[PDB]
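Each chain gets a letter, A, B, C, D, E, F, G, H, I, J, K, L, M, N, O and P, in the order it is written, and its residues are counted from 1.
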């Protein structure tokens, strides 16, 4: 039952390599928990394309008191980090199944 | 480039009178207003044409202008978007016509008899926008229309908007009513100052070095006249909506 | 003048009116401050 | 004497300068508020009017004093 | 009377109703209320308080984000 | 020596200059606040009216000078 | 005497300084709010024009007072 | 002469613009602070009253001279 | 005497100040909106153009009346 | 004559707009800071009262010369 | 009918037979001594009111000075305390306390100038005492290109106490003029609480003078 | 008595006042924008230079009118 | 001749203002920076006092010139 | 006579009023922007030089006008 | 007569308020710049004194010219 | 003449200084006494 701090050690390295230009695109492969009988791998991207969860169904303009650049710089690492956390935890469930 | 000559002199006046006064008192502004109305009627007739849904043909331009004005009025409000649309469209392309024809060749010198004598050489152009009477009449008509619309929609609302806005202690009324009353006079004075100022500029500034000095001045004046026509047209609807709201 | 004397007397009345609004508030503030000091003193005695 | 004419000029000008920038600030703040959240335009616009009227009150005080000095 | 939901990667902290929020926003502390205007802001290591009919609990958020609607 | 007319003109205009932009800035702040915190009207609009009352009160004192010219 | 000319000059100068910064910050706030969201840009564009018009009306009052002094 | 009335008018005009815009800025800052957070409103209102009192002191400084010149 | 010349100087200078300061805030807001959501580049171009057009409308009012005093 | 009286009016009246706006801005900044960070409430108050000490000193520079020129 | 007059006197010259400012100072001192006697002899472990004045004035000011400047507030505690418990008391006595300059058969420029002289002596004694040459620092030194106005800054500091004296005399005298004007026309203060506003303004002015003295001391520190 | 001298001085000063306060805010906004992002680059440079030339025109008016009186 | 008195009044009238707005604005930035970053201290304060001195130097010059012409 | 002296004073004062706040806003914007991020230091310095050149242009215009009126 | 004293009053007064507040804008901008980022404090130090020097160069133009009036 | 009540009030100020210090010292003694009791 890992904590997000455990995945930080790789996530921050990946994003630092991304920002510096060392890496241009980021992908993740993990054992998707389709069912308790089938656990197939699934590829996902970590370069937010359009966040296709619910597309742009919600349309409310927000104020960015830190600022747009600051907001994005702070939130995108967090979003990719929680995506990695979700993939790792899904993979743990798939492993046990 | 050099402007060696041509700077004869400069002369301006508040307004200009016209002929025909015996049968009925006519000023040069009335002549200009009649010409603008005739041009508008001719454009509408040409714009109508066969009217069989003909695309382009110089009628699509008028159709697009009318559609844009209708969209602007609809965005402003919808309670009287249909009934009052002809009222705003009356100002539209009429104030625009008044702003136009000021840059015509000898617009300020049209109907001068003649710098030799100038006995009765009243310039019979007197741009309809450049006349206090026309602007005052238009503003009075707009204020009357707004008041009538407010009374018809919410007769109690028009009175309660001021008298009953805040019965206890002070109220928005009186100050609000005074502001609305100044609004008609303000709109009248706006048209009075505009166009007249453009003509005064086209006279005075071009009187010295009339070469590429009057050009940007006339461009800015035309843009300002179109902006003022649009502003008055939108402000009538805005006052009407504020009265309704 | 008689009017001046009434104004001078009224000035004192305004001060009393101000005192009634604010002086009791100040007294309660001092009581809270004094009680805090007494609470600290009580803590020292209890300790 | 021309003291009346300069009096009217001073009246109208010094009474109109204030409300000009006043209206500027009013509708400026109103437009930032509405773009930020126009769901409350109903009231924001009402506040603008009450405020617009308050500054226009001073504007018309200046104007009517100028008119009175003119007549 | 706004649906407050303090969430976290490991779990959800609370999702109860709230009268007031004391959000430690980066450029300055901001309060949230039943029908607050739209806002979405970063947080900093600081102190966040919530009022439950006049009771204050020091959650002490060490950083994150918040979206207000 | 008709200095009374210019006196009242300057008084009204240059006393109304300030409260105009004062109303402007107070309602800019208030419209921003409402665009942040709408229901707080009961308190924020009260502070609004207090600040308003000071401003046109000062302008009205200027108007009382304008009428003192009449006296 | 020439003091009427001074009155007109002062009146127009006042009526020009008044709404200058006014309309400046008007359109500044307008373009700001438009940049924040081009979705409600039409509503704010409609709302800023009456603010422009009030300032323009004050300027026009300043100008027509000078013209009235002239004639 | 009337120059004393001009003196009073100038004094009140210059003494009314200052606090007139002052109190506006006072309440403006207070209301942005309130809209930011209506939890420190007690302290905000206290400091706002302190600023209002200072502006009123400036107004009285510019106002008492109006009656002193009459003396 | 040169009092009419002083009137021309006052008119031109005090009519140049207003638009001169205003257009600065105009184009500053414009470039700010360029730096934040430059998607509106066409809109900001049009809106800053009309805003300035109002500013030198006021300016040319001042200049033409200044010439009239000089005429 | 009354030129000393209008000089007293100049002395007291002028030097009021600037300190008035300063009194505005000092507490505007102070309340913005204290709402942004209440833990600095003591230091912000001290840095507010230092600005008070300077701006009121300017106002009294005006007032003291007003009384000196008055007598 | 306005009848206000200036009470300007010479501190160096002998006191005048009337001595309005001296009389007011004596009355304020007598009232302060009466309050101190009432709070000293009748003092308990947790007094209310008698010790409340001490706790909420002297201790509060000491805490504020320590927060502003700790370990220097102790050194100049007497100066700030002397600025406090005075001037404000003199104005309260002079705020129409049953006399109002009527029935006669801080505002003094000399007193304010002497108070500012005491403030500047506090500078010359304590400020830059920890350095000695601190007054010469950042004033026409090797970096005088960026510190040319540093001597001008010192002159402003020399003018700062003078402005403090002016602010002590000013406003306080204004309050007197405003009260006289209200008596001449629209008596009983005014529609607004003129008397209350004047009292609050005097208290704020005294507090601002004390804070200005403390801030000048801190600036002299660094 | 030398009215043209003060006329020229007033014209120059009140023509030159505007462009400084304009250009300040002008380039401040653009430089803040480019500090936020250097992409706009020349595009913002072009947006800035024409805006500055607009106030340069008013400066030209201020200089030229004084020149006419000066010769 | 009281024209010297008028000159002194006008001189000190604008003399004690430069810092007025200056301390108003300078403190605002100082307290806002402190709220943004309370860790940084004494450097902002050194710059604060330097700015205060430079601003008030002009006021001191105005006052001393006023004294020199008044005595 | 003295008219030229006050003319020069007005010219220098009203030519210094504008560029002062000009360069003030110039430097404030520049320092804020370069504080946002380095690596554009050269470009902000170039724009700073452009701004100071444009402000000091009007400054020297006023200065040389006063200098020529000196003879 | 005292018109030379009027010239000195105008020279010291006008042209001082501009730089007087420009200095405040400069230092406030630098202050929030360093507060947001103290690592650029050296560059802020370099920019501060040069901006202050230029605004003070305008102020000293205002002052030395007045000394020349004094002769 | 202004410093007449300065030194006189100094004795009064010095008299309440010890009481404030004593009240402050009680908190120090309260912490020390409480800590010793727990240990």
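General observations
Just so it is clear, a contact is a pair of C-beta atoms (placed from the backbone, for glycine too) under 8 Å apart; a residue touches a chain by one contact, two chains touch by 3 or more.
Between chain J and chain M, the least number of touch steps comes to 1.
Distance between Cα centroids is largest for the pairing of chain C with B. Looking at A-G alongside B-G, one finds more C-beta pairs in contact between the chains of B-G. Chain D and chain J have CA centres that are 27 Å apart. Centroids of chain B and chain I (each the mean of its C-alpha atoms) stand 23 Å apart. Here the CA centre of chain O is 49 Å from the CA centre of chain P. The centroid of the Cα atoms in chain A and the matching centroid in chain P are 60 Å apart. In chain L, the positions touching at least two other chains are 1-3, 6, 8-10, 12-14, 17-25, 28-30, 32, 34, 36-37, 66.
Residue numbers of chain K whose C-beta contacts span two or more other chains: 51, 55, 149, 171, 174. Of all residues in chain C, those that touch two or more other chains are 37, 41. Interface of chain A with chain E (complex): residues 3-4, 60-66, 70-71, 74-75, 78, 82, 85. For chain F in complex with chain H, the residues that touch the partner chain are 1-4, 6-8, 10-11, 13-15, 17-19, 21-26, 28-30, 32-37, 40, 43-44, 47-48, 50-51, 54-55, 58-59, 61-62, 65, 68-69.
Only residues 37-38 of chain E touch chain D when the two sit together in their complex. Against chain H, the residues of chain K that register as touching in their complex are 1-2, 4, 171, 174, 177-178, 181, 184-185, 197, 200-201, 204. In the complex of the two chains, the chain F residues touching chain E come out as 35-40.
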